[PDB]
Amino acid sequence: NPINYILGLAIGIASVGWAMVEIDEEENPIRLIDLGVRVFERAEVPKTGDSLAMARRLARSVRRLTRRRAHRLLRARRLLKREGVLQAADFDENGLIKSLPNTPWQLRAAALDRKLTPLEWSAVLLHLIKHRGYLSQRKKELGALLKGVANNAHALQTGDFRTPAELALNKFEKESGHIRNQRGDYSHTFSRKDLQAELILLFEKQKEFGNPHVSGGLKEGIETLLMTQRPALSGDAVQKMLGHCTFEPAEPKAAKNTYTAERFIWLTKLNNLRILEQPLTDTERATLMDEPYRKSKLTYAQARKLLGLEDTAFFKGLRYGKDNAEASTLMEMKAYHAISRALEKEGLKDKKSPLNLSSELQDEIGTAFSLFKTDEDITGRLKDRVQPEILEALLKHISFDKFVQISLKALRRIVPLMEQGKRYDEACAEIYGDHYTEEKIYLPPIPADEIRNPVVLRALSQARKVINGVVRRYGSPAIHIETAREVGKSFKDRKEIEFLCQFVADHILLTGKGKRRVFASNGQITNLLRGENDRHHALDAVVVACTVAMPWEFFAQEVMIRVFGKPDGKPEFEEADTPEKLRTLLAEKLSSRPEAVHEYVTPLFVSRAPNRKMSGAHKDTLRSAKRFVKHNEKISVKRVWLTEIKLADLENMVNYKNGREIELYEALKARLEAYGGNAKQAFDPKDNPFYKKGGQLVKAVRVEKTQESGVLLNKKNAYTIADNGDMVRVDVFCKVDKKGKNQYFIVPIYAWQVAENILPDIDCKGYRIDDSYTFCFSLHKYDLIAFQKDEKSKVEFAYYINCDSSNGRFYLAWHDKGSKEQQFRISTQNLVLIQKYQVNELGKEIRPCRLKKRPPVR
RNA sequence: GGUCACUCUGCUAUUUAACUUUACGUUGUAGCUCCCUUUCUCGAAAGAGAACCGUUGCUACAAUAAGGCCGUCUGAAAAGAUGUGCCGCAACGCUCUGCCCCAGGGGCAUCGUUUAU
DNA sequence: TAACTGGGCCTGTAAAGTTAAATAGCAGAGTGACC
DNA sequence: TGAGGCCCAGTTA
């Protein structure tokens, strides 16, 4: 059983194609065997184009935020009890404070004029901690957050406002009518230092007025809780994110702000610099060499005049000849200079004289400040290595933030040769021998660490899966990469239009085609050479497969008929459903020299990768569920803003459907009619506010929404429900006893149910399943199923996408049918007479599968 | 000479991954508040007046995935005090396991890795 | 009275910082394999 | 910027 393969593969943003021929003698093809194609779905979010890992990272972030705020307030209450502000009777069973006032702003303002109750004081402290304002956290033209906070800081620094509470109450409430920020506005934010000042002033004033709980421990604890945050970077956070040195793989990259690395950059600039008059000898280089070290900034014109030069010869590679950008800095020794500045103003350094330190000491402090950012870590690396006065000055002034590509060892080895005049390549060759790649029968797993794009990463991991399936089944081959213009890097550019090279190069076989048995294709040529889309990727696959002058001929007609059974002419063709109609049809229609199918027979349909993850999440909107629980009526209630409302919501208003407020409904509907449904304009704030009967503003109204199912949240504390969302899988249930026909039932399983470890027993429209119902199987996203509509039908295998919770309907699509809007089909199955499972291998191994053990959730 | 690719340095644009925070928004519960269904009470009537529920606006507090776990102590156990406390919406893979498929060989995972105190 | 069907509507957000890394382009110094 | 979730109103067996 020997064959030989030169099968080509096509890469798309969501697709991968393959088609196998066997050119035998030397670069001269034969007829085809097993054409095929697989397809997946992108590593992005369809609507927004963000990364799926991005939503996950923001979930982690907000989880940590809420947890830390809860814990902060918890410790605040503990400190309140510990310092004797409140007694154990003032705390309820949940650990919350009973009769805690809801007037913290007014109390914060009155605390400058009178004494505060222990409960008023506790409310004030916890409110200050909870809304603890914005902290600069930074190492121009400000936006809106910074604008608002800076304006408020300037406002309480001028006149009638001693604290944010006074300014807040008086100005905010009398000018706007509310104190907090509303609907994305930032104009009421205070800087955390302003609130810290409020806290110190409040403690002092309360001590004046005879507050008993002005304890030092209490003040320290409240101030700590207010000010403390975790460091953004700590420990090995920077090191874990570093790359690998080019020559020394066991050694980390050197920091850009170190004497060694900065001088390495300087030497690269100097040695590589050439003057043109219609290189630079060691004396001129050595003149310029130590000039930037204490001369502040070395521009190119200063270098020219420093070495004399002329006006007749030039230093190559510079733009803007007319604008005379000769003061563009040739070199700035920024790390050395910043260290010197720091030690000059704060510590001890004569500005005229050059600050000095063991070159290794400069390297240590540069490394410590680039790799560690908090004072604890920095001193923990600089305590025993150097002494504390300079350490304090440097900790207070210096901040370095980038790296280079060569390790400190390799640099300390290279820089000497570069000072002597040798170049980077010459020094690297003299040291490492100017030679610095195992091949395998299977391509090993892809590395993701060499490119940002998850789209490309997933596309190429699936490309590797496909080519390794080719290598497994159809022997080892001689592959012809072909990546699309859309496939490389898309979204903004892709929406406007609407790494594997090296990996394969070094990690897999080539069978002696000179140097390489590969051909990197140029699909432009593919578009030219060919002399509402189905599985159309045969094109790029074999046009990649077949080192050309670029226009050689062979014949096509067969290939079209193998790609589509209805092809080689009009598409009303029968499209052979079996392999033997394929062989017969193609053979006889091409009758002539039977170069093609007979023994190879290959029916193709795209291999669509399935999604059987169990992870997921419910919807992020919280809705009232009091009626959903207490009276089991299948509705929820949610506020809707008037600027986003429509007549459907207006008719579903809570106080309209129960006739409570009919005239309010009439006025709102009247205004929305007056603008033809333009809710953004009918109820525009500060241009067209809506006023209820009696003069009260209306900004949003509660609207009822049909709630057949959902997940209940905060069950210990409230009646809240959220839409189910993220159906992870739906399990089938087969029952015959219709007294006659045999029926199907489908029960959906969501993510919150895989989290609560519950396995439902309610068919979408049907009701409870007993031991009478017979479980058939369970399917997920993008699984293949058999499909027999009714009495008479072709079995019509197709892939499954969605299930409808209302009636158990199924969104489907077949091979080459991918566009959801264009090509999904939606079949019902209460009477479907057979619905079956299947498996599709990478290539085309469409063998049915079946399991009868109902797989539970964990 | 031309082309392509690669190593290093400088600048520009874009993208990725990780972390610390703020301000919202949503739901609930209090309080004050705009309306308003219903039911009652005083009424001979005219009319008042209470109550639950709904609900407009503002303030506060709680929750903000569903689910699970940590360190530190007073000590015998129940526990009780306490923390700049910690994972959970992604991708990838086949050492441990489960399923599915064809003594191996795979695919998919609720298995494992990035991943943790 | 129960399914089937074509249609259709609602879905969490903005801002402020510390970082590392990848691609592309331009400029500068080299190298290799090809054509 | 889109697709999943799933209801709605009319029709049908």
# chains A, B, ... in the order shown; residues from 1 in each chain; ligands from 1
$ interface_residues --of "chain A" --to "chain C" --cutoff "6 Å" --atoms "only C-alpha atoms (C1' of nucleotides)" --output "list in words"
residues 137, 138, 232, 241, 272, 317, 425, 451 and 452 of chain A
$ select_by_dssp --residues "region 66-245 of chain A" --states "alpha helix (DSSP H)" --output "PyMOL selection string"
chain A and resi 66-82+104-110+118-130+145-156+164-167+174-175+192-208+216-227+237-240
$ atom_distance --atom1 "CA of residue 852 (chain A)" --atom2 "CA of residue 777 (chain A)"
6.0 Å
$ residues_around --residues "residue 9 (chain D)" --least-positions-apart "6" --cutoff "12 Å" --atoms "only C-alpha atoms (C1' of nucleotides)" --output "short mmCIF file (atom, residue, chain, number, x, y, z; two decimals) with C-alpha atoms (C1' of nucleotides), in the first residue's frame"
data_model
loop_
_atom_site.label_atom_id
_atom_site.label_comp_id
_atom_site.auth_asym_id
_atom_site.auth_seq_id
_atom_site.Cartn_x
_atom_site.Cartn_y
_atom_site.Cartn_z
"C1'" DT C 5 -44.40 28.66 10.53
"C1'" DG C 6 -42.37 33.14 9.08
"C1'" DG C 7 -41.15 37.12 11.37
"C1'" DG C 8 -38.92 39.85 14.75
#
$ closest_atom_pairs --of "chain D" --to "chain A" --cutoff "7 Å" --atoms "only C-alpha atoms (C1' of nucleotides)" --output "CSV"
residue,atom,partner,partner_atom,distance
D:1,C1',A:47,CA,5.4
D:2,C1',A:47,CA,4.3
D:5,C1',A:725,CA,6.3
D:6,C1',A:805,CA,5.8
$ write_last_selection --atoms "N, CA and C atoms (P, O5', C5', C4', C3', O3' and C1' of nucleotides)" --output "mmCIF file, in the first residue's frame"
data_model
loop_
_atom_site.group_PDB
_atom_site.id
_atom_site.type_symbol
_atom_site.label_atom_id
_atom_site.label_comp_id
_atom_site.auth_asym_id
_atom_site.auth_seq_id
_atom_site.Cartn_x
_atom_site.Cartn_y
_atom_site.Cartn_z
ATOM 1 P P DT D 1 -24.856 48.539 13.528
ATOM 2 O "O5'" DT D 1 -23.970 47.231 13.232
ATOM 3 C "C5'" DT D 1 -23.593 46.896 11.888
ATOM 4 C "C4'" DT D 1 -22.184 46.314 11.845
ATOM 5 C "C3'" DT D 1 -22.075 44.846 12.251
ATOM 6 O "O3'" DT D 1 -21.947 44.036 11.082
ATOM 7 C "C1'" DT D 1 -20.480 46.215 13.470
ATOM 8 P P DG D 2 -22.934 42.792 10.828
ATOM 9 O "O5'" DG D 2 -22.907 41.980 12.204
ATOM 10 C "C5'" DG D 2 -21.817 41.122 12.500
ATOM 11 C "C4'" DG D 2 -22.275 39.926 13.318
ATOM 12 C "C3'" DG D 2 -23.368 39.082 12.681
ATOM 13 O "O3'" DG D 2 -23.164 37.727 13.022
ATOM 14 C "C1'" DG D 2 -24.147 39.931 14.735
ATOM 15 P P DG D 5 -27.905 29.862 22.544
ATOM 16 O "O5'" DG D 5 -29.239 30.540 23.094
ATOM 17 C "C5'" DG D 5 -29.149 31.608 24.014
ATOM 18 C "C4'" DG D 5 -30.488 32.298 24.167
ATOM 19 C "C3'" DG D 5 -31.697 31.363 24.236
ATOM 20 O "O3'" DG D 5 -32.432 31.654 25.395
ATOM 21 C "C1'" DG D 5 -32.086 33.121 22.706
ATOM 22 P P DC D 6 -33.571 30.648 25.898
ATOM 23 O "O5'" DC D 6 -34.873 31.180 25.155
ATOM 24 C "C5'" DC D 6 -35.205 32.538 25.275
ATOM 25 C "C4'" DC D 6 -36.382 32.888 24.398
ATOM 26 C "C3'" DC D 6 -37.432 31.783 24.228
ATOM 27 O "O3'" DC D 6 -38.684 32.357 24.383
ATOM 28 C "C1'" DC D 6 -36.893 32.704 22.180
#
